[PDB]
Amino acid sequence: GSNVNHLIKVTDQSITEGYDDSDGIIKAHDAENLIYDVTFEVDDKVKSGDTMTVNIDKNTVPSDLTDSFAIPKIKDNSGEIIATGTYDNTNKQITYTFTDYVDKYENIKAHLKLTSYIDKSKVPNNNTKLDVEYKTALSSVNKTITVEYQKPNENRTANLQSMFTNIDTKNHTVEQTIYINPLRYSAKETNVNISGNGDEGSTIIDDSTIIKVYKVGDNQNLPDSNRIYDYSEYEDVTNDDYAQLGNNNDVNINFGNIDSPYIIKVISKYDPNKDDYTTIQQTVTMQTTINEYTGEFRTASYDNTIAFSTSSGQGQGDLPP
């Protein structure tokens, strides 16, 4: 079995944005995906064991929150498997290996519809214009898009934002990265509440919840992507004495008077019995006091919901007469 990219004839390719109300812009924080569609012909000379490749843009990944996933098998309309694929994270490349199917059928053609998301490690900044390129065999297609990230929600001195940055479907946990006071306001008597009681979904907050807090230095700038790839870069100021569970599937973290941004990384579990991943939602609320004499306060909230997309591979060959 050897490379047969030269024996693959790509007849159609397209890169499509997951949503239709923001053309030219990928709202990564709204979970907007990039869909790569490609149709190709497989030369009859191709035999079992031969391989072909498919590439996603180097600024993208198949899955944003996970590193483990299955590449779609290419099956024909009878269910027969034409090829199976594997993914290489180092070069964002998929390799498909043809089965005995190619030695039985002829005039084989196939179509792939592959989902992908912006790779936050490659695109830390908001408004990053990219000329994304996807490839199949020796053919390619390009599309210019701008990556847009979210902004903090603020109310007086209370200001924050958050994003889910991982999901472990085996252990049923999600990771949420929270930016507290990204605007560097003078937030008095700051309290941060993390709640698993959402209006569209939920998570479980209890004594198993893992919370870590980091301080952002005067010389540092949090990435707009809302995802930290190297926490050793930030000062760990975690102190469990300031985190206390609440009476409503929640937890309260006392920050006191602050003027700098902080990062909270939380690992919480979600109900294993859920049948809809989009019902995994975690809410965060930052409270600050705006009047030291009356205690009058203000709150700013943010919430995240898990999102997902799927990929597929279809094909068909003719049984020779």
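Residue numbers here begin at 1 and follow the sequence given.
- For the two regions 189-197 and 236-244, the entry's Cα B-factors average higher over 236-244.
- Of the two segments, 61-69 and 268-276, the one listed with the higher mean B-factor is 268-276 (C-alpha atoms only).
- Per the deposited coordinates, the residue with the largest Cα temperature factor out of 225, 203, 159, 221 is 221.
- Across the residues 250, 154, 80, 175, the deposited record lists the maximum Cα B factor for 154.
- In the PDB entry, residue 212 places in the middle third of its chain by CA B-factor.
- Ranked against the other modelled residues of its chain, the C-alpha B-factor of residue 297 as given in the entry falls in the middle third.
- The PDB entry assigns residue 13 a C-alpha temperature factor belonging to the middle third of its chain's modelled residues.
- Residue 116: CA B factor in the lowest third of modelled residues in this chain (values from the PDB entry).
- In the deposited entry, the Cα temperature factor of residue 76 sits in the bottom third of values across the chain's modelled residues.
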